[PDB]
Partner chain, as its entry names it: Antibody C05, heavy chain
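Below you'll find only one chain, the form deposited without the partner chain, shown as structure tokens.
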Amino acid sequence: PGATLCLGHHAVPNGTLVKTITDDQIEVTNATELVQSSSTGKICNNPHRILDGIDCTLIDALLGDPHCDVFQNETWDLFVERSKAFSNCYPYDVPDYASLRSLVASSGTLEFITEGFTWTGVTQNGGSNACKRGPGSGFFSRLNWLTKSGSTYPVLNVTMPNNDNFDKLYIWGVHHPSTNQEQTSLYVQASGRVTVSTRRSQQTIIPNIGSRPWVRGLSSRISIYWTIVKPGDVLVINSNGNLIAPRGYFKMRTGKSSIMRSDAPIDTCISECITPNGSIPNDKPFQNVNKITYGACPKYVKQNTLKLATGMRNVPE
């Protein structure tokens, strides 16, 4: 009269499916999800410094569109541009908009330092009814619309050396009149020119006269350009008309700053990873929420689910 001793293993009534080398679906006792597929819908305001652009693009805040004046000298880890943002100043374009937006976003600051440029023999501080300030006409806060003094617009020739230990970002522009009447009326000369240079490089822009669609009352336009001046280098600006002058420079940093397009509201919570859909947790190695991310994020993948088996094969009774 003996005894029987049986070896065995556990099972559960309802297991989970995983993929292996040999099977697309095989049932195991337990598994854990490796793809983050959900978000709160909200961008957490810690631990990164979030700056809500509200009605303003970064570029409008950079240039100093009046409704964006509140952003003067603002800093961020992540600037958030909203789909409702609008421009409300002189109509303008930026050749290479994407790059200017990128480098400013990356600098992480709009900190501006006024410099005493000497514009001999021109009128400063031009304004337009397209860019209202208070009861009167106005202009971008960081730019200086220069026009004739009396009946002359001389050759403007100014220099500003960089004796600091940081990069200087200068924003400047060129005015494109709609008629010859307005070109000569504002700048005397029939054809302007703007030349902005450092020791090793230069940009020269010829203005373009001609009629364009009405924006905020105007057929004329400004084109925006930038020049970075490194420590020990020097800025020179040379122009016989159509210069939209800088008033100074923006102080550049390097660091972790960026920019994101999103309409997700900002909330008081803590999340390392931010997507345009909102913040997501970063406990899982992969995510399917959005390929656009900022912070300590799971890597984006196309799969909405991937299961890591955390137990043996399930063979129920």
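Numbering follows the first chain given and starts at 1.
Here the subject shifts to the form solved in complex with the partner chain, a form of this protein not shown in this document.
The partner chain in the bound PDB entry comes within 4.5 Å of no heavy atom belonging to residue 168. Although the partner is absent here, residue 245 sits far enough away that none of its heavy atoms falls within 4.5 Å of the partner chain in the bound PDB entry. Mapping the unseen interface onto this chain, residue 111 falls outside it, with no heavy atom inside 4.5 Å of the partner chain in the bound PDB entry. Using a 4.5 Å cutoff between non-hydrogen atoms, residue 162 does not count as a contact of the partner chain in the bound PDB entry. This chain lacks the partner; the member of 153, 79, 90, 172 within 4.5 angstroms of the partner chain in the bound PDB entry by a non-hydrogen atom is 90.
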